[PDB]
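Notes to accompany the following structure.
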Amino acid sequence: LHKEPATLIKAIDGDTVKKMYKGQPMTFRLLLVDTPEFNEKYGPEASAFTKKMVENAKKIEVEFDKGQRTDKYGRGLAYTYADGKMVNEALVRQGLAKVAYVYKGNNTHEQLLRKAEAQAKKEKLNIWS
Ligand SMILES: Cc1cn([C@H]2C[C@H](OP(=O)(O)O)[C@@H](COP(=O)(O)O)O2)c(=O)[nH]c1=O
Ligand SMILES: [Ca+2]
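When the letters of the sequence shown are read in order and numbered with the deposited numbering, they come out as residues 7 to 43, 50 to 141.
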């Protein structure tokens, strides 16, 4: 897998971020995670956590996995990095996302994220509290 440039356009919610990628606006849906909707418990905290992380970064990158790069809604499917730190893993490590939507061939970082979820759950963080 390879990191590619993108620039933030807008943080949308805990697991959706609009970016400019190869010069075009695209909504990205973060691989392998599920954050609560804004209207559910922890939904506002997940949205806030992703927002701060992408807005504060000097460098945003996207990393596609080995399979499909867009979902049925036209959203990009990628891992998102903010100053080299993976937002997907960070949300899971903080108990603000569950590992979810693990489809074969887009699951390179599955075990990394499950490990983060185990530790969030051991700490009883947020969703796991
Ligand atoms: C994360 C992800 C979601 N999706 C689709 C599955 C779900 O379809 P349905 O909309 O039919 O439930 C939806 C979940 O996204 P959200 O969690 O953003 O709603 O996005 C993919 O197809 N591949 C993916 O990797
Ligand atoms: Ca969601």
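C-beta: ideal position from N, C-alpha, C; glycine also.
Return the CA-CA distance between residue i and residue j, expressed in angstroms with no decimal places.
i	j	result
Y115	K70	31 angstroms
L89	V99	13 angstroms
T62	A109	11 angstroms
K9	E122	17 angstroms
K16	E135	31 angstroms
Closer than 8 angstroms by C-beta to residue i: which residues in its own chain qualify, once you throw out the five before and the five after it? Chain order, please.
i	result
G55	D19, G20, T41, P42, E43
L125	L38, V39, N100, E101, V104, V111
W140	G107, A132, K133
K97	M65
For residue i versus residue j, is the C-beta distance shorter than 7 angstroms?
i	j	result
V23	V66	yes
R35	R81	no
Let me check understanding here. Comparing Cα to Cα, which of the options lies closest to residue i?
i	options	result
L14	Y93, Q123, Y85	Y93
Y91	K127, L38, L137	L38
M32	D83, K9, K64, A60	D83
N138	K97, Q123, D95, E52	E52
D95	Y113, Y85, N68, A58	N68
Under 7 angstroms Cβ to Cβ from residue i, same chain only, skipping five residues before and after it: list those, please.
i	result
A12	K25, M26, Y27, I72, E73, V74
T120	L7, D77, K78
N118	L37, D77, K78, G79, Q80, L89
Within a Cβ cutoff of 6 angstroms, which residues of the same chain sit near residue i, ignoring the five residues on either side of it in sequence?
i	result
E129	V104, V111
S59	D19, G20, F50
Item checked: Residue ranges of each beta strand (DSSP E) within the stretch 61-118, 3 or longer -> 72-75, 88-94
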